[PDB]
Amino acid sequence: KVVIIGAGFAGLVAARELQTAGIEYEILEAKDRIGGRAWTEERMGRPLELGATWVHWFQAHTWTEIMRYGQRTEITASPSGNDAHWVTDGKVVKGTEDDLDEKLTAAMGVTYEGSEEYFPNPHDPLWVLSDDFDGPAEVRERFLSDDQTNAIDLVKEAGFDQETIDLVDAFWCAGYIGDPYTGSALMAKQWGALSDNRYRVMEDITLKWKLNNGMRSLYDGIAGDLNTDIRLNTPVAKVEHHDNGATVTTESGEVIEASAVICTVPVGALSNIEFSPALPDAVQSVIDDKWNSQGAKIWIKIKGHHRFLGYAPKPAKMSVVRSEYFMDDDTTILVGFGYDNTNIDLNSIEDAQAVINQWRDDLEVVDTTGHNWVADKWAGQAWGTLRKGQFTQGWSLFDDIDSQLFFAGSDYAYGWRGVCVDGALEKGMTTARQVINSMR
């Protein structure tokens, strides 16, 4: 009689948590599959992550599931020591991956600058705005100003040259999965805080270790623990929510009474649902604006075995492209992240060739694939990233929804928010605990 909307990681881990506490639940999932924005799918000859890919043991929630479902030693590092290429002022520069990492390390020093003052506990991201805050008033003022500054402007204002600016532009096109110039720099500062304020650790956590058996080894693991069947192909159309109960209506018109609703539908898809009473205005403002997640992820297959890394600034079709798999038919599969889903067809060989042509003339695309999450009505976004102002007046507003309507999902997590499965596992579990505590 707790209704969980969505069978992504947040909904699945919430259901398992309620099951432990002996609370009845049902998961309603719009699609014919579980996993949500994590999706391991056979494409181009091997299982590919169409959404979530990388993990690390410094991600508490993800790592606990990894060792729980038998994947402790089933991780492999992405290719390193690639030949690096970056576009600066319309020109392609060649260098080593070490050259590029060294430039990004210098830029991150400035990008992280106030993280030690803001985030002594990196899992208390709004401590500076708390009544417990005991630092100088100027730290609070800089904190609020940093929510209105993008991460590239920090590097420009520090006097870095155009080559570094173009590299950081490319880097945050990928990191903010859209337009980095509309983003909040506090997101980047918290990533630093969660990564011991070191670029190499941040990259080790977010872009290095892949699951050999895919994200599906974790979400199928959680689903396999559930004693209540998930209702697939059952989109929720309406949520009524009050002080002591709730009512969910599906698109087919079926009405389901509930003691509480845990809604894991992302902001990009919340407009599909009618809420009664209406969601708070501050929450509605975030839904209208959306997150700063408008980009896309591609998998490109080229002829030959090539150790390749490419960076290119906005408005490139793809801003970061890296070799990931070397296939037996003498081809390489590369992964790419781009800032604008509408400027690339992830399944067009000509478009993928244009991506590769950003850096090389000689490499030939023979296949390409991807899922455009932004054009997917049940997602409407890639991973959640913050526009200006959304660090302090965005993700945290979804907590109180007065009633028995709780929002859970990676996009509302305290820690690795939006960008990581860790945040979905965090917030699905803690939201289930809110429901557990209320009932106890």
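Just count from 1 along the sequence shown to find any residue number. The term rigid core refers to the maximal set of C-alpha atoms that superpose within 1.5 Å between the two forms.
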{"query": "Rigid core superposition result in 6 other deposited structures of this protein, more deviant of 75 to 83, 221 to 229 by Cα", "finding": "75 to 83"}
{"query": "Stretch farther from the shown model on average in 6 other deposited structures of this protein, with CA RMS computed after core superposition (162 to 170, 250 to 258)", "finding": "250 to 258"}
{"query": "Missing coords for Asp411 in a third or more of other PDB entries", "finding": "no"}
{"query": "Cross-entry absence of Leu50, a third or more of other PDB entries", "finding": "no"}
{"query": "Higher-B stretch (mean Cα B-factor, as the entry records it), 344 to 352 or 182 to 190", "finding": "344 to 352"}
{"query": "Per the entry, higher mean C-alpha B factor between 54 to 62 and 23 to 31", "finding": "23 to 31"}
{"query": "Of the residues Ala77, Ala282, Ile298, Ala151, the one carrying the largest Cα B-factor as recorded", "finding": "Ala282"}
{"query": "Highest recorded Cα temperature factor - choice among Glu324, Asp330, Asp166, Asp220", "finding": "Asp330"}
{"query": "Among modelled residues of the same chain, the CA temperature factor third for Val155", "finding": "middle"}
{"query": "Chain-wide C-alpha B factor ranking for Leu100, given as lowest, middle or highest third", "finding": "highest"}
{"query": "Within-chain third of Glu254 by Cα B-factor, per the entry", "finding": "highest"}
{"query": "Modelled-residue ranking by C-alpha temperature factor, third containing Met67", "finding": "lowest"}
{"query": "Chain-wide C-alpha B factor ranking for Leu207, given as lowest, middle or highest third", "finding": "lowest"}
